[PDB]
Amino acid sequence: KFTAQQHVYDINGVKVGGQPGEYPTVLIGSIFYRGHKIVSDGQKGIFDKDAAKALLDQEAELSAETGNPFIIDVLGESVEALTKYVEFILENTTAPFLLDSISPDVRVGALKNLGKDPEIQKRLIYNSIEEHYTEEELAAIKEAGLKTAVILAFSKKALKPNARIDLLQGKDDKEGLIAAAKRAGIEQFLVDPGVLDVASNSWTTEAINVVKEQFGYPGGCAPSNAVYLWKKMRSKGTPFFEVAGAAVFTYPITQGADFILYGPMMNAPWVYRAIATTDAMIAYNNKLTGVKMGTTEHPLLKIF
């Protein structure tokens, strides 16, 4: 149990945050990521609408089966592409989504196109306010009227978990990431301490623990970051890659994390089954602890 009262955000019906076992893990699958075979032109955003819809429908079905809610990680390499991807996602699912790009300018340009749309304020989560945030980024976020952001509380200057306190709150003459986000009008903060490689997932989970223990923000991470590039394991094929991936993806949940970016959506069928199992066992512990489940739509009550 965490000492700070936990923030539980309701993002278009998706509950994120809470004490361990209160709410199911929110699963965040990537679409239109680099090399995604349903994209034929990543600059113009030419993509397979039927295939994308099938992924979204599959996500909805797996979510209905296990009780794990979902937020879509929408990636783009160009303003044109990401704008089109977001338009498609708004139309073809109800889920919140991350506005995501390796390049901040792509996120900024996409926000200008999408505009201060009330639906965008409700369902678009800015991914992310990072160490090297710019003023034009904060201006774009404010002009779009966004209310929820991922705070990527990661730096090579703050490798230790306790150093996330410094990143979020600020230190010396440096504005904290929470302060920066608030200046941009953000009111809900999903804290992601970042993942470098598979092993370092344990440090990321410790950071999540610090953040929940001291501030009560929802904490999560992207364990997929080094898993898909782990060729030694992936080249082994099924089911070796999936069980290795399952070990990585479930680990933060076992230490009280609230959300996981599990990588390409095509992996959802095995990811949901692994994560739901972990959630079930954690929630069963509530019987001893006295923690009450926030919802009846929980893996514990669904997967057996």
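Numbers for residues come from their place in the sequence shown, where the first is 1.
Set 145-153 against 161-169 and average the Cα temperature factors; 161-169 ends up higher. Just going by the entry, 82-90 versus 114-122 on mean CA temperature factor gives the higher value to 114-122. Taking the deposited Cα B-factors for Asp57, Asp50, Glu242, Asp279, the highest one is held by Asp50. Each of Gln43, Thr250, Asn267, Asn68 has a CA temperature factor in the record; the biggest one is found at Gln43.
Among the modelled residues of its chain, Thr134 has a C-alpha B-factor that falls in the highest third, as given in the PDB entry. In the deposited entry, the Cα temperature factor of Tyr217 sits in the middle third of values across the chain's modelled residues.
Per the PDB record, residue ranking by Cα B-factor puts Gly263 in the lowest third of the chain. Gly17: CA B factor lies in the middle third for its chain, per the PDB record. Ranked by C-alpha B-factor against the other modelled residues of its chain, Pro104 falls in the highest third.
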